[PDB]
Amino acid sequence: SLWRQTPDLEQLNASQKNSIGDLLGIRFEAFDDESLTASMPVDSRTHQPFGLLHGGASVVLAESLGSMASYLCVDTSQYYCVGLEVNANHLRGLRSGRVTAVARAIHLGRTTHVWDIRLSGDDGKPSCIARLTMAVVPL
């Protein structure tokens, strides 16, 4: 209901083929009227050299999730969306399991979208918070 295109998790996941989301094991898991959820493994694909989840990989999950959320909110026959600005606080380290990100809208303007993205490990504790600004660009 936030959504223009009704999210279809199969197509969301399928669309990742031959892109970093596929390579890192990102999976779109759920959605409702006001949020979209995706997760990613915490393993050697996403670790930094000390064996913790790479802070950048948290940002890949957040930008994948928010970029897809924007795509489901715009008129795709006339517009596409690109990342404009992203920021994140790294709150807790993760070593294994999966990290789950939930995106909610802060503002869907005509020319920019701002997304609130909350990540947590399998213990449910906040691990990262991101805010993503997307630009809406005419095709």
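Residue numbers run from 1 along the displayed sequence.
Taking the recorded C-alpha temperature factors, which stretch has the higher mean, 71-79 or 101-109? Comparing 71-79 with 101-109, the higher average CA B-factor belongs to 71-79.
So which stretch wins on mean C-alpha B-factor, 58-66 or 27-35? Higher mean C-alpha B-factor in the PDB entry: 27-35.
Among the chain's modelled residues, which third holds the C-alpha B-factor of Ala135? For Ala135, whose C-alpha B-factor we compare with every modelled residue in the chain, the answer is the middle third.
Determine, from the deposited record, the chain-internal third of the Cα B-factor for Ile20: lowest, middle or highest. Answer is middle: the recorded C-alpha B-factor places it there.
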